[PDB]
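Below is one structure, written out as structure tokens; comments come after it.
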Amino acid sequence: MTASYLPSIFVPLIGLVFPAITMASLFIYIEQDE
Amino acid sequence: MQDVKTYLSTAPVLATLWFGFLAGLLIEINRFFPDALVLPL
Amino acid sequence: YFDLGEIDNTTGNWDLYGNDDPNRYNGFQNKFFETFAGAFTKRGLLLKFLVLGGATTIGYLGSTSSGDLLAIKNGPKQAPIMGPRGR
Amino acid sequence: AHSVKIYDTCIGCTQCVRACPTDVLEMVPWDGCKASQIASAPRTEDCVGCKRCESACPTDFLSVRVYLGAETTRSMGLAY
Amino acid sequence: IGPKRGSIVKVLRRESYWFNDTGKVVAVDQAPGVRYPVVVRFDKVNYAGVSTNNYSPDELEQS
Amino acid sequence: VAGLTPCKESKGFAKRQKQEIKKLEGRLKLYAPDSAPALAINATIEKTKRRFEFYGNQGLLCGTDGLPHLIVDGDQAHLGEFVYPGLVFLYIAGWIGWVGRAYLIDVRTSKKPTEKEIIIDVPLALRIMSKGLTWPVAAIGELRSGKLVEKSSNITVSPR
Amino acid sequence: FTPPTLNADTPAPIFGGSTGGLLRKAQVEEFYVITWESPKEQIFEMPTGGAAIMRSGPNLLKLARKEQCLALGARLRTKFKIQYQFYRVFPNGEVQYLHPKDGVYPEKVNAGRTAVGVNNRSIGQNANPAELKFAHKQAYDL
Amino acid sequence: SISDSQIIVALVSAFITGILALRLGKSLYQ
Amino acid sequence: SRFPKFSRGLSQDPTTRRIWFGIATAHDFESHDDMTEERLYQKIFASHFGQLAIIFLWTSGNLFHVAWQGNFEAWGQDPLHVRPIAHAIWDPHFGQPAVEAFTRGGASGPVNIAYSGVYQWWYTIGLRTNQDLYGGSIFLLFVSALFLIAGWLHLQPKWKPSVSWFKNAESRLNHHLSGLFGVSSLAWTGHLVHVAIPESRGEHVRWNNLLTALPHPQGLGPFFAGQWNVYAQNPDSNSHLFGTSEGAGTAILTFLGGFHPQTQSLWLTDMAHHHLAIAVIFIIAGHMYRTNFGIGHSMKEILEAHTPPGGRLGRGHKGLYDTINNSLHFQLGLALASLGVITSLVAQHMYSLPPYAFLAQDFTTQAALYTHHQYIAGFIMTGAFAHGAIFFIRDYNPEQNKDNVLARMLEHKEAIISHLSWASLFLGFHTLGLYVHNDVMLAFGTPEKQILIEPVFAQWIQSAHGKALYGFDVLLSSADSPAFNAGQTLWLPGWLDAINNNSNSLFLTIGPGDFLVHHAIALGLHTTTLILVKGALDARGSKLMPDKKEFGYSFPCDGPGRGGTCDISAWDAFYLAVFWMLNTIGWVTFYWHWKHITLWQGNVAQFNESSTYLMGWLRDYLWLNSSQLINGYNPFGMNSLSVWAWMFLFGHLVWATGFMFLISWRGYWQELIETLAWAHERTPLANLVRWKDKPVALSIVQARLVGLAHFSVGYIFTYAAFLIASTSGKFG
Ligand code: CLA
Ligand code: CLA
Ligand SMILES: CC1=C(/C=C/C(C)=C/C=C/C(C)=C/C=C/C=C(C)/C=C/C=C(C)/C=C/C2=C(C)CCCC2(C)C)C(C)(C)CCC1
Ligand code: SF4
């Protein structure tokens, strides 16, 4: 390991934040009346 | 026997009587000629 | 039970547990909450700083955590276990 | 919603209408059978798609034919 | 019209269960405008359980 | 053939005969020598010794597992493993297939053809079960005369 | 045929209440009202689940689906000799009369209705989907 | 072993690739 | 116009099905509304570019994780005693035993051990340090970025290509055979010769010294003068250690055959010659069809002219060129049929002839790499057959295919389905009866009473290859054959030494258990082919329902009338044959993993005595090898196989969860969700919350798909876990 702290950053974002970004933006998108 | 033998000629009874005779024959072949892996004739 | 003068009362549009009381608090408690929760009102604004603020707050304590706080930042504390065939 | 189509093999036996649980089919006059009547589907937007008419059609192959297409709240059979 | 009543016909209709099957004609409708006048009875039922079906004379040949 | 020793000279096949009687002899140690269950194990041992002396005398091939292997290629040494009981089988299986085919032709030209299959007409059945003895001469005879196969114009075919 | 007008003054059958009745689809989308004339006070099986005492005069029953009106309607057409009609009621107040459209039930033929959705060909003369690629029409609607 | 600054070069080039993936997904939408 | 916008009929659906089907009809581009030919082919072309970008952005992250968190240099120093590290683990849910137990390969933290064979591959090809893998990851980031730019570019109206460019099959085949298969295998050969052979011989050849490091002592002189044997003059000896200069040769294109004696793997000089041969023959084969220059072939007239004059094939292949060129599902089915037969040829030829250095010694990696390509190939082949069914519904024109071979497949389709049915029934009664018979004889205390059939046809083929174990001595095992004397100075000194060795997996010693499981394999392929040929040929219609083509491909049923029409569609035959490919490849990889798990620890007699009956398969393979699998975590503690012990149990969840969708069907759940909708609409404090999508049960096709996908995920995870825990915990 070169940078041990990027495991501590990207695994919380792509594991928690990015599904919370993607599923909330999709649920807005799939329930748009348009 | 115009209707008793008709019941005896039905599909489940004739399957029981044939396979009773068939498994009866193949068991009795497997008594006098057991462990038969190769036909000698 | 069909009326043709009140279409909501004959279809199930009932406030079954609602109340028509106008207010039950006082003015001192009401002015405190609307002042503090005034920057949290708009849905488009609140969704922006909750995503951006939520991404920072999980990356902060994910990185500033210690060995006793989380075991993944503690690392190994013993000799490694050698597998079979010398691997 | 669902598209119910009647073909010219129909004998006017009326049992497709009698098997219909959402009042889609009706018997209109016709000149192509002994019964002098054929089925039709004017209220095909009310069709759930259950194909009870196809189960009750004695013509080989079927004269009433239900094609499951776009499904709405009529053809989903919901009460909520 | 029709081949004959009480005759043996073979069905040329592709979508019938009794395609290339021997059937017996029981009724031919002589009224004009009827698309499928020949009523053919079969010894075997279809999946619906019926054996009576109406065919045009163009979908049958004498066999 | 195929790297397999014969079972009469296989040391692994004789090892399995030794450890099978020894398993049955140790079962015999807890019974009286004239008792009824000891006669069954004594008949089991003589059934085992008859079996191993039959497998070695037929020219069976034994591998490294001490087990008799069958050569089904059609070897002149190995005819009774697959070819001889296969021709015995196909004669019997063709007998089943010929008397069931000839029964359906005999009941298709009847008043109620579906009541003769749930209720099988035994005088009609037994008069052709004897006739299934000579069935290669009757199947290829019907094949050469064209009565075995049906023309495709009279066969129910699903549409394209 | 003049369609019958919903009176909205005839009363309901004596029913103890059910949980199979009108949900929020009645409130925002549609609900169905079936009206029929009765000989006497009988007991019928509720299509939502249960039993109710139906009145000796005209009856009004509120249902959620069109299938509940035919399941009730064919029940009181075979067990009872009662002619029935039902409606479709929308939340804005519009009542859409639905069945029978000509006043006579669709099992019996009427000269007023016309053939719609009727193909002059059979199933075997329907076109293949390969020669109808990328079109609004399909193999059966032409 | 690779260095710290090479991880920065990879993360920018993946973010540039993530923009070009976002640009194709907009064009696949239209 | 709600989601989904490509289908107008699903946008007016007020239920949850609109949310579901829009995910699943997302890539079915030809079923979309207001949809044309040009938009179809351009969206497919940009989807291909996105697929290429995903593959290259995948490889970039599988290279970045080896270069960053993996010990590729430490594995390069000692590839026999170092476990290859895939990537590091950052799990907030580990306790201290899990951090202390997943730290393998001399790493600083908990890491995942790579069982994908990427270290063996990158070592054999020439990559040595982490900086080379990082440079490859940046280069393939650039390549995926270029493919995203090209995918966006061809959707722009200036660079949109027309359908006539897309349906240009002759130019596509010439530039695929010449460029994709020829100049890329000649590019490869230039790598294997310039980089991989000198890195096997210790010379560090990179981009900085590409123009100075000469690959041969006399480079490009004997090539253009004709004496090519100078490139096969001094091969690597049997004392050659891989990656070191000692014991090495100078020849770049040898024809030795067999294996490198230290790695038990193929020679890089042979694979370089192999690629120069499948490069000359593909560039020459790419000058076949007519594009722009007068010479060449028109494939329409090839297919028109290939009619037998006796009329046994009808019109032959007349009208098939327009049939393939107009139908994208025909081309995709042909591509997936060829791809399944070569992904299975990949699987069969990387275990028996290991192509990568120190891949044969790493056992669980080889097991993963066989099971990978046999499952990916049993889903690619089923996709081929399913696309044949979709071609027969939405793309097959009976007017254009009039009495050709493709129409004559529909003319005698009942003969094909009934004879596949006979072959499947034959194989099933015979294989089940022989296994159950051998089970009864091992149960009844008599192992000698088994019907054991020596597979003498395939043993004769092995003796035809050069195996002297069976003593057939016909050709290449006898010195009196002309094939042997034509080969004994050319490739056979390597091949016979590789095939007469009993430690490798090159043409293993087969027995009666191998015969029986090969009939299990033939049962699996025959019954999967039965269901799939039955789905493809009854796709348009059948005697139960003649208008299956007018109901689409994946329609649920046709109603309870006419006896009952459940699973009548061709998608449902694909659905029923996914279970048969799972069973088939389960049998295949059971046979592979047990034939190899007994070979690797030496006792092949366990397989030779126990594979003939199914209690040996249950006890000595499924129960015996699962000893350290399910003991990956205990009440006493947890081992390094614990993630493989959870993933095993996880598979038994998901697979069994599929049963919930495959046994229980819709209307039970629809009435259940009706009661749930009443309960939510009447509960105080929760009635305030509404749904916009009406809650419905999963629809019937969706139910079969969800149960099938759960069945497949559980099936691949139960076996990925067992197979990567019963070889990597008991190495050997
Ligand atoms: C990759 C996915 C991901 C990751 C990073 C985590 C991370 C975590 N899990 Mg979690 N989990 C996930 C997937 C995820 N989970 C899923 C899919 C399952 C379902 C099967 C679970 C089920 C599960 C449960 C049941 C629990 C955990 C808990 C934990 C914590 C264990 C570490 C610890 O001791 O902290 C101890 C706790 C803390 C240090 C508290 C920190 C809480 C912070 C401050 C929240 C701050 C706001 C937040 C960031 C807003 C997010 C916004 C959005 C954009 C994501 C940690 C926060 C445990 C826990 O304590 O949860 C918090 C616990 O009870 N997990
Ligand atoms: C020389 C010119 C040239 C070359 C290089 C290509 C290149 C390509 N074209 Mg193209 N094409 C050309 C001109 C060219 N074409 C012409 C003139 C026409 C006009 C009619 C077309 C029209 C055309 C269409 C319309 C499509 C393509 C597509 C593609 C791609 C094929 C899919 C892919 O990447 O699989 C890569 C495949 C290989 C590298 C071949 C591998 C063969 C087998 C399967 C594997 C064997 C390899 C080996 C064993 C594996 C070892 C590696 C392992 C260690 C990892 C590929 C990039 C498709 C695409 O993806 O679009 C982006 C597409 O949609 N092209
Ligand atoms: C339905 C359909 C389809 C599909 C189908 C499929 C999918 C199929 C498959 C098939 C397959 C998948 C097959 C394969 C085959 C192969 C083969 C057939 C092979 C062979 C080989 C050979 C013959 C060779 C030879 C040899 C040998 C053997 C040895 C030595 C060497 C040599 C080389 C000499 C399609 C799409 C078209 C469309 C239409 C319809
Ligand atoms: S809905 Fe289900 S049970 Fe009913 S016919 Fe279709 S598949 Fe069969």
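Residue numbers (the entry's author numbering), protein chains in the order written: chain I, 1 to 34; chain J, 1 to 41; chain H, 54 to 140; chain C, 2 to 81; chain E, 66 to 128; chain F, 79 to 238; chain D, 70 to 211; chain M, 2 to 31; chain B, 3 to 734. Note that CB positions come from ideal geometry on N, CA and C, so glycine has one too.
- A check of alpha carbon separations from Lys536/B across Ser420/B, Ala481/B and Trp589/B identifies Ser420/B as the nearest.
- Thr23/C sits close to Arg75/C, with the two beta carbons spaced by under 9 angstroms.
- Of all residues in the region 127-138 of chain D, the ones placed with a Cβ closer than 9 angstroms to any Cβ belonging to chain H are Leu129 and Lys131, in chain order.
- For the C-beta of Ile197/F, the chain J residues within less than 8 angstroms are, from N- to C-terminus, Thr6, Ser9, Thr10 and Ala11.
- The residue from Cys21/C, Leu79/C and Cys11/C with its alpha-carbon nearest to that of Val99/E is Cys11/C.
- Per the coordinates, the alpha-carbon of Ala524/B lies some 15 angstroms from the alpha-carbon of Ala579/B.
- Within the model, the alpha-carbon separation for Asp153/F versus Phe160/F is close to 10 angstroms.
- For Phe661/B, the enclosing alpha helix (DSSP H) covers residues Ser644 to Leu664.
- Per the coordinates, the alpha-carbon of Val348/B lies some 36 angstroms from the alpha-carbon of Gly316/B.
- With a threshold of 9 angstroms between beta carbons, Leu39/J makes contact with chain F.
- In the three-state reduction of the DSSP assignment, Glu126/E falls in the strand class, which pools E and B.
- Under the DSSP definition of a beta bridge, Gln154/D partners with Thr104/D.
- In this structure, ligand 3 has no non-hydrogen atom nearer than 8 angstroms to the beta-carbon of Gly468/B.
- With respect to the 9 angstroms criterion, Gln630/B and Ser701/B are not classified as neighbours on the basis of their beta carbons.
- Judged by their CB atoms, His206/B and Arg292/B are not nearer to each other than the 9 angstroms cut-off.
- Using a Cβ-Cβ cut-off of 9 angstroms, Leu26/I does not count as an interface residue toward chain H, since no Cβ of chain H sits closer than that to its own.
- Secondary structure of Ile21/B (DSSP, three-state): helix.
- The beta carbons of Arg53/C and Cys21/C sit closer together than 9 angstroms.
- Nearest CB-CB separation between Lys545/B and chain E: below the 9 angstroms threshold.
- Per DSSP, the unbroken alpha helix (DSSP H) holding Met207/F starts and ends at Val200 to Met207.
- With a threshold of 8 angstroms, the Cβ atom of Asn170/B counts as near ligand 2, since some heavy atom of the ligand is closer than that.
- Not one heavy atom of ligand 1 lies closer than 8 angstroms to the C-beta of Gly128/H.
- Using a Cβ-Cβ cut-off of 9 angstroms, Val166/F counts as an interface residue toward chain J, since at least one Cβ of chain J sits closer than that to its own.
- With respect to the 9 angstroms criterion, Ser612/B and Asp516/B are not classified as neighbours on the basis of their beta carbons.
- For the pair of segments examined, the region 207-215 of chain F was found not to touch the region 100-120 of chain D: the number of CB pairs separated by less than 8 angstroms stays below three.
- Put simply, the backbone Cα of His95/B is about 20 angstroms away from that of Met1/I.
- Proximity of the beta carbon of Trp167/B to ligand 2 is indicated: a heavy atom of the ligand is located closer than 8 angstroms.
- Nearest CB-CB separation between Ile7/C and chain E: not below the 9 angstroms threshold.
- Within the same chain, and ignoring the five residues on either side of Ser354/B in sequence, the residues whose Cβ sits closer than 7 angstroms to its Cβ are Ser507, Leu508 and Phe509.
- Where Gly88/E is concerned, the enclosing beta strand (DSSP E) starts and stops at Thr87 to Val93.
- Take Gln137/D, set aside five residues on each side of it, and the residues of its chain with a beta-carbon closer than 8 angstroms to its own are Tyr101, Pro116 and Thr117, in chain order.
- Scanning chain D for C-beta atoms nearer than 7 angstroms to the C-beta of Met649/B yields nothing, as the closest lies near 43 angstroms away.
- Look at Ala92/H: its C-beta is not under 9 angstroms from any C-beta on chain I.
- As a beta-bridge residue in DSSP terms, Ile39/C pairs with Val29/C.
- Within 9 angstroms of the CB of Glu126/E, no CB atom of chain D is found; the nearest one sits about 17 angstroms away.
- The C-alpha of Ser329/B lies about 36 angstroms from the C-alpha of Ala113/E.
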